[PDB]
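A single chain comes next, written as C-alpha cells; it is the form deposited in one PDB entry.
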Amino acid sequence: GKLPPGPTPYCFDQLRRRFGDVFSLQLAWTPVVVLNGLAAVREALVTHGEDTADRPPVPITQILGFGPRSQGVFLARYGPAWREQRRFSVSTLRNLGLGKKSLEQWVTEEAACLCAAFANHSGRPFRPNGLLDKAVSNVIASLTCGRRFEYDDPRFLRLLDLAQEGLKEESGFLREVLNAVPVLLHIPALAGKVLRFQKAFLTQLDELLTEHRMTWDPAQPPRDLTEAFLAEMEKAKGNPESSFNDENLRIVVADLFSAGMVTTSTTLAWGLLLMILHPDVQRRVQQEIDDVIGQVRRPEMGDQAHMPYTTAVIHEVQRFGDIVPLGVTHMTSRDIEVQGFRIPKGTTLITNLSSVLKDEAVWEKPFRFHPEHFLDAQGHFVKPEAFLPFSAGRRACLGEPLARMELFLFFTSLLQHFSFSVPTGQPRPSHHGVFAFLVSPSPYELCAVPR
C-alpha cells in the first residue's frame, strides 16, 4: 500500500493542512504516523484496535524496576501483563464504586475539605492549583491506599512535589537519547541522573505501601485497590505467570496515582479559569445548582442527570481545556490500513486528540469556550462523537468513570459555595495554556468569595 505523505500541536495543524489527516514523520530512529480527526483516530483505535493497543518500548523503565510480568498498566506492552492489570483496575474501581458508594463518599468528603481550604483563602487572591492537586490526589489515595492525607502533611507534599517533577523528566531531551540505546544506562553516573525525581517518587510510595501492608486485614473484604491487589498476590504465590507481585504493585499504584492526579487537577484548574473568564456561564451553573440541589445539601452523582447545563460546561471545560493534545503514544503490533494508507508493524502512532476536540468541521466554534457545544436548542445535554478527551479503544482511559465523578462533584461543590472572579488590578488571564505532554492553564490567581 501507499505510505502516508510527509514533509507542537500548532505544528501538526500545519502538517495536517499540507499532507492530510494521516501524515508521517521520521523522529531520529523512530518512524511515526500522526492521526488527525475523528475518522482517522477511530479507524486505528477501534476498527484496528487489536493491532494498535500496544505501547512503544521504553527501555529506561528498567531503572524503575520494570520487568516482563511487572509493567504496570500505563506503559505496559500489549499482552497478558497488561490485560490482567487492566481488567483488575477497571473491575476494582467498579466494585469499590458500587455497593456502598465508597468512591462517591470519599470524593464528596474530599470536596468539603476542598471547600474549607478555599474558605481560608477568602478575601484574598490565590492560585487554586496546589489545593486542587491535594484534593484530587486524596481521592486516588482513598482508592489505592484507602486513606487521605492532610493538606499540610510533609510526606504528602513531598509525594505531590516529586510527582510534578517526575512529569517534567518525562518530557526531557535526555530521555529519548538514553531510550534509544539502553547500554548507556550501564554508566553509573549517568543512570542516577535519568529519573532521579521519578525514582524518588517510587521510594516515597514504597514507604507508604509498606505502612499500608501492616494495617491490612485479610479477614475482611478489601477496602481499597491495594488490598485487592494484595489479596490476589497471595493467591498467585507459586505462579510466575501472574502480574500480581511486589515489583508490579508499586508500579501499578504509581500509575493510577500519577495519572489521575495531574490530569483531573489540571482540568479543574482549567474549569475555574474558564469560570472567571466567563462569569455569565458561572452564574447559569450556580443557578442550576440552586434549582436542583440547593445551597446546603452536598452534590450527588444522581443530580447530574438533572443538571444538563452544568454537564455541558464540564464537558466543554475538557474539550476547550484539551489537556492531553497528542494523547499517549500507541504502536502497531501488525500491518494495518488507515485512511487508505498502509502502516507497517512497529510504527509509533500519535493520536492527535486536539484535532478531534477542536475539529472545525464538527464543533460550531471550536476555538471558543462554548457550553452550547453539548446542548441543543431545548437545553438537553448532547455528547458529540468527537468528544474524545479520554481517547478511544482498548487503551482508552480506565479512570474516566472516576474522572467524571471527580469533575462533577468537585466543580459543583465549589460553585455551590463560592463565586469565582478575576482579582481586580490584575490582567485578564490568557485562555491559552502552556504546552507540554499535558497542557496546564497559564498561571493565574482568583478570588473565591463565599455565598
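When you see a residue number, it is the position in the sequence shown, counting from 1. Think of the rigid core as the biggest set of C-alphas that the two forms share within 1.5 Å after superposition.
Fill in: Sequence continuity check, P450 and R451 (deposited residues unmodelled)
None; the chain is continuous from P450 to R451.
Worksheet item: Comparing 183-191 with 109-117, which stretch shows the greater average C-alpha B-factor in the deposited entry?
Response: Taking the mean C-alpha B-factor of 183-191 and of 109-117, the larger value falls to 183-191.
Practice prompt. Averaging only over Cα atoms, indicate whether 250-258 or 290-298 has the higher B-factor in the PDB entry.
Written response: Looking at the record's C-alpha B-factors, the answer is 290-298.
Discussion item. Looking at the C-alpha B-factor values in the deposited entry, which of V281, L272, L230, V177 comes out highest?
Written reply: If I rank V281, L272, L230, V177 by C-alpha B-factor, first place goes to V177.
Practice prompt. Tell me, please, which of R368, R87, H330, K100 has the highest C-alpha B factor according to the deposited entry?
Written response: Within the set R368, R87, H330, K100, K100 shows the top C-alpha B-factor.
Fill in: CA B-factor ranking of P56, expressed as a third of its chain
According to the entry, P56 has a C-alpha B-factor in the chain's middle third.
Item to complete: Using the B-factors in the PDB entry, rank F173's C-alpha atom against the chain and give the third, lowest, middle or highest.
Response: CA B-factor rank for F173: highest third.
Item to complete: State the tercile, meaning the lowest, middle or highest third, of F374 with respect to the CA B-factors recorded for its chain.
Response: Lowest third, going by the recorded CA B-factors of the chain.
Discussion item. Where does the C-alpha B-factor of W29 rank in its chain, lowest, middle or highest third?
Written reply: It falls in the top third of the chain.
Worksheet item: Which third of the chain holds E104 when residues are ordered by C-alpha B factor: lowest, middle or highest?
Response: Highest third - that is where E104 ends up once the chain's C-alpha B-factors are sorted.
This next part talks about the form deposited in another entry, which is not shown.
Worksheet entry | Option from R158, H380, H186, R297 moving between the shown form and the other one, CA shift at or above 2 Å, rigid core reference | Meeting the 2 Å or more criterion is only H186.
Practice prompt. Tell me, please, whether between the shown form and the other one the C-alpha of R342 is shifted by 2 Å or more, with the rigid core used for superposition.
Written response: No: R342 shifts by under 2 Å between the shown form and the other one.
Worksheet item: After fitting the rigid core, is the C-alpha of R124 off by 2 Å or more between the shown form and the other one?
Response: The answer is no, as the C-alpha of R124 shifts between the shown form and the other one by less than 2 Å after core alignment.
Worksheet item: Would you say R77 moves between the shown form and the other one, meaning its CA shifts by 2 Å or more once the core is fitted?
Response: For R77, whose C-alpha is compared between the shown form and the other one after core superposition, the shift is less than 2 Å.
Item to complete: Could you tell me whether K101 and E232 have their C-alpha atoms closer or farther apart in the other entry than in the shown form, knowing the shift is 3 angstroms or more?
Response: Pair moves farther apart in the other entry.
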